[PDB]
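A short worksheet on the structure shown next.
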Amino acid sequence: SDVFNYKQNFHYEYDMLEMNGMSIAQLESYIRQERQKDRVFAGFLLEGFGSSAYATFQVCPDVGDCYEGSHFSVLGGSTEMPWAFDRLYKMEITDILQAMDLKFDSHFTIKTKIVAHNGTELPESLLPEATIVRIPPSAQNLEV
């Protein structure tokens, strides 16, 4: 709780608080604009398994035709204190779905292959298969 106030407690500043040259105002603008779109994410439920690994998932229509979805990584070692996320980690797939010409509610599955630091393939048993969520547009006025 005392780690929050970085300037008062630990006496340090940054020369620039910007994401890719964007002001926090501009950041919020971009963000809300993205909130105005119709979006769909793949959600992952993450447990700790004691080693670093990277996971790769793909999106597949009823007939396979698999397109590569984004990757993500986990950090680990054998001495790591056990952990479990109480939430879903979300990754956006709207663009790949739209490029696939299928809508969010039309019969498509997500398959994940995850390889270790070794890297040996960690069985599908390690992380529970992903879920999919569509978040709807929020219709309200923007700056813009």
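The authors' numbering puts the sequence shown at residues 18925 to 19062, 22377 to 22382.
Backbone N, C-alpha and C define an ideal beta-carbon position, used for all residues, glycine too.
How would you call residue i, buried or exposed, if buried means at least 16 neighbouring beta carbons within 10 angstroms?
i: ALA19054; result: buried
i: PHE18968; result: buried
i: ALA18966; result: buried
i: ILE18948; result: exposed
i: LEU19021; result: buried
i: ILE19017; result: buried
i: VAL18927; result: exposed
i: residue 22397; result: This structure does not reach residue 22397, given that the chain is present from 18925 up to 22382, and the question cannot be answered.
i: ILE18955; result: exposed
Ordered along the chain, which non-local residues of its own chain (more than five positions away) have a Cβ less than 8 Å from that of residue i?
i: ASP18989; result: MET19024
i: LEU19046; result: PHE18973, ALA18977, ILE19038, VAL19039 and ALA19040
Taking only beta-carbon positions, decide if residue i is within less than 8 Å of chain D.
i: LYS19027; result: The displayed structure is made up of one protein chain only, and chain D is not part of it.
Who are the near neighbours of residue i in its chain, counting only those whose CB is closer than 6 Å to its CB and skipping five residues on each side?
i: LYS19037; result: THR18980
i: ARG19058; result: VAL18964 and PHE19028
i: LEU19050; result: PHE18973
i: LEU18999; result: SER18976
Measure how close the beta-carbons of residue i and residue j come, nearest whole angstrom, since I'm counting them as under 8 Å.
i: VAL18983; j: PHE19032; result: 6 Å
i: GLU18971; j: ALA19008; result: 5 Å
i: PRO19061; j: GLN18960; result: 6 Å
Which same chain residues end up closer than 7 Å to residue i when comparing Cβ atoms and leaving out the 5 residues on each side of it in sequence?
i: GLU22381; result: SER18953
i: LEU19026; result: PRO18985 and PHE19032
i: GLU19004; result: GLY18972 and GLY18974
i: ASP18962; result: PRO19060 and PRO19061
Tell me which residue opens and which closes the beta strand (DSSP E) that residue i is part of.
i: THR19036; result: 19033-19040
i: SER18997; result: 18991-18998
i: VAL19057; result: 19055-19059
Let's see if you can read the secondary structure: which residues bound the alpha helix (DSSP H) around residue i?
i: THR19018; result: 19018-19023
*asked:* Extract the residue ranges of the beta strand (DSSP E) inside the region 18925-18981, only unbroken runs of 3 or more that lie entirely within it.
replied: 18963-18971
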